[PDB]
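Let me begin by presenting the structure, written as structure tokens, before commenting on it.
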Number of protein chains: 2
Amino acid sequence: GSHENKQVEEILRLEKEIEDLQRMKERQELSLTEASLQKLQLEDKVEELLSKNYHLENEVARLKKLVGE
Amino acid sequence: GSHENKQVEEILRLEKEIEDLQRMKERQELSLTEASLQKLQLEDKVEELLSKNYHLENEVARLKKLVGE
């Protein structure tokens, strides 16, 4: 068992640990990107549903008035 | 069974169905609000972790050079 193994082994540990942290930072950044994209997707769904809801809202709202709003 | 029940019953159905759609629109809007808030939370975690990672990055990076970068 060479003594230098300590230095080689020491760095090896740092690479493994650092690599883990590096991925954690990158993974989080990816989540933010996906989060933003997900939000836009909701806008599309909400936009269409909101528009449709409004159309029906007028239809039902009109009928509601007959009974008593 | 009064005939008018049809009108009363008709509106009742509309209120239940419309109410469901109304909540769906509001629920989605809430999701967007929470989504944005969640993103900021990630910034705080990433910001701190990123800063700490950088500090360690210099420490380990410096050591890596001794072995061979």
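Letters A, B, ... go to the chains of the structure tokens in the order shown; residues in each chain start at 1; ligands are counted from 1 in the same order.
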### Message
I need the chain A residues near chain B as a PyMOL selection string; criterion: at most 10 Å, counting only C-alpha atoms.
### Response
chain A and resi 7-8+10-12+14-15+18+21-22+24-29+31-33+35-36+38-40+42-43+45-47+49-50+52-54+56-57+59-61+63-69
Go ahead and write the residues just picked, C-alpha atoms, as a PDB file, in the first residue's frame.
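Final output, result_3.pdb:
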ATOM      1  CA  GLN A   7      -3.413  11.789  -1.917  1.00  0.00           C
ATOM      2  CA  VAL A   8      -4.922   9.837  -4.802  1.00  0.00           C
ATOM      3  CA  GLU A  10      -8.218  11.879  -1.012  1.00  0.00           C
ATOM      4  CA  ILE A  11      -8.883  13.524  -4.363  1.00  0.00           C
ATOM      5  CA  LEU A  12     -11.017  10.594  -5.432  1.00  0.00           C
ATOM      6  CA  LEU A  14     -13.456  14.941  -3.300  1.00  0.00           C
ATOM      7  CA  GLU A  15     -14.392  14.208  -6.900  1.00  0.00           C
ATOM      8  CA  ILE A  18     -18.064  17.394  -5.333  1.00  0.00           C
ATOM      9  CA  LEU A  21     -22.986  18.612  -5.187  1.00  0.00           C
ATOM     10  CA  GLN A  22     -22.356  19.772  -8.756  1.00  0.00           C
ATOM     11  CA  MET A  24     -27.456  18.925  -7.197  1.00  0.00           C
ATOM     12  CA  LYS A  25     -26.903  22.501  -8.347  1.00  0.00           C
ATOM     13  CA  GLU A  26     -27.511  21.607 -12.003  1.00  0.00           C
ATOM     14  CA  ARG A  27     -30.554  19.494 -11.145  1.00  0.00           C
ATOM     15  CA  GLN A  28     -32.123  22.387  -9.253  1.00  0.00           C
ATOM     16  CA  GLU A  29     -31.496  24.771 -12.151  1.00  0.00           C
ATOM     17  CA  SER A  31     -36.213  22.242 -12.096  1.00  0.00           C
ATOM     18  CA  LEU A  32     -36.567  26.011 -12.379  1.00  0.00           C
ATOM     19  CA  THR A  33     -36.496  25.801 -16.161  1.00  0.00           C
ATOM     20  CA  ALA A  35     -41.142  25.077 -13.580  1.00  0.00           C
ATOM     21  CA  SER A  36     -41.322  28.069 -15.856  1.00  0.00           C
ATOM     22  CA  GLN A  38     -44.982  24.221 -16.680  1.00  0.00           C
ATOM     23  CA  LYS A  39     -46.425  27.608 -15.787  1.00  0.00           C
ATOM     24  CA  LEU A  40     -46.798  28.534 -19.454  1.00  0.00           C
ATOM     25  CA  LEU A  42     -51.130  26.199 -17.390  1.00  0.00           C
ATOM     26  CA  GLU A  43     -51.670  29.552 -19.093  1.00  0.00           C
ATOM     27  CA  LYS A  45     -55.115  25.493 -20.419  1.00  0.00           C
ATOM     28  CA  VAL A  46     -56.465  28.318 -18.261  1.00  0.00           C
ATOM     29  CA  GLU A  47     -56.685  30.623 -21.267  1.00  0.00           C
ATOM     30  CA  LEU A  49     -60.892  27.004 -20.283  1.00  0.00           C
ATOM     31  CA  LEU A  50     -61.323  30.564 -19.105  1.00  0.00           C
ATOM     32  CA  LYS A  52     -64.945  28.687 -22.756  1.00  0.00           C
ATOM     33  CA  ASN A  53     -66.115  29.238 -19.194  1.00  0.00           C
ATOM     34  CA  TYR A  54     -66.914  32.842 -20.050  1.00  0.00           C
ATOM     35  CA  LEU A  56     -70.990  29.361 -20.918  1.00  0.00           C
ATOM     36  CA  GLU A  57     -71.021  31.874 -18.080  1.00  0.00           C
ATOM     37  CA  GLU A  59     -75.334  31.408 -21.389  1.00  0.00           C
ATOM     38  CA  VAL A  60     -76.041  30.098 -17.890  1.00  0.00           C
ATOM     39  CA  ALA A  61     -75.954  33.566 -16.353  1.00  0.00           C
ATOM     40  CA  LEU A  63     -80.781  31.630 -17.796  1.00  0.00           C
ATOM     41  CA  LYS A  64     -80.141  32.220 -14.099  1.00  0.00           C
ATOM     42  CA  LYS A  65     -81.850  35.604 -14.493  1.00  0.00           C
ATOM     43  CA  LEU A  66     -85.092  33.925 -15.573  1.00  0.00           C
ATOM     44  CA  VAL A  67     -85.311  32.017 -12.288  1.00  0.00           C
ATOM     45  CA  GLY A  68     -83.956  34.929 -10.249  1.00  0.00           C
ATOM     46  CA  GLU A  69     -80.297  35.511 -11.096  1.00  0.00           C
TER      47      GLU A  69
END
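For the pair atom CA of residue 58 of chain B and atom CA of residue 9 of chain A, the interatomic distance is 18.8 Å.
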